[PDB]
Each structure stands twice: as C-alpha cells, then as structure tokens.
Amino acid sequence: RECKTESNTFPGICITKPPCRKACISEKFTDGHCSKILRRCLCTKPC
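Numbering-wise (mature numbering (1 follows the signal peptide of the UniProt record, and there is no 0)), the sequence shown opens with residue 1 and increments by one.
Structure follows, in structure tokens:
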C-alpha cells in the first residue's frame, strides 16, 4: 500500500495538490502530491 507512482493522468506539471489529488483518485491510487525530486504529481496507490 502507498506505492509511489507519478500520475499518468496528470497532463502537466505539478502546480497544485488539488488537481493532482483527483488525478490519483481517477487512477488506481489514493493520494497525490508533488514529488520532492522534480515537479510531477506523485500519486500513492494502495498496492
């Protein structure tokens, strides 16, 4: 659970958590945020 994978659904740069949030929800995840490496929506899935 909580596997780190960038949102493939997210069509851009991680500007804000709100858009990233729903991107992870639509996909097979639960949470999402900006990855502290670059600036992509890093979603977490209940793997």
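In this text, a Cβ means the ideal position worked out from N, Cα and C, and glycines have one as well.
- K28 and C20 have their C-alpha atoms some 13 Å from each other.
- Apart from sequence neighbours up to five positions away, the residues of its chain that approach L42 with a beta-carbon distance below 7 Å are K4, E6, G32, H33, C34, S35, ordered along the chain.
- Following the DSSP letters along the chain, one finds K36 in no beta strand (DSSP E), marked with neither H nor E.
- Around the beta-carbon of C47, fewer than 16 other beta-carbon atoms lie within 10 Å, marking it exposed.
- Under the three-state reduction of DSSP, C3 is assigned to strand.
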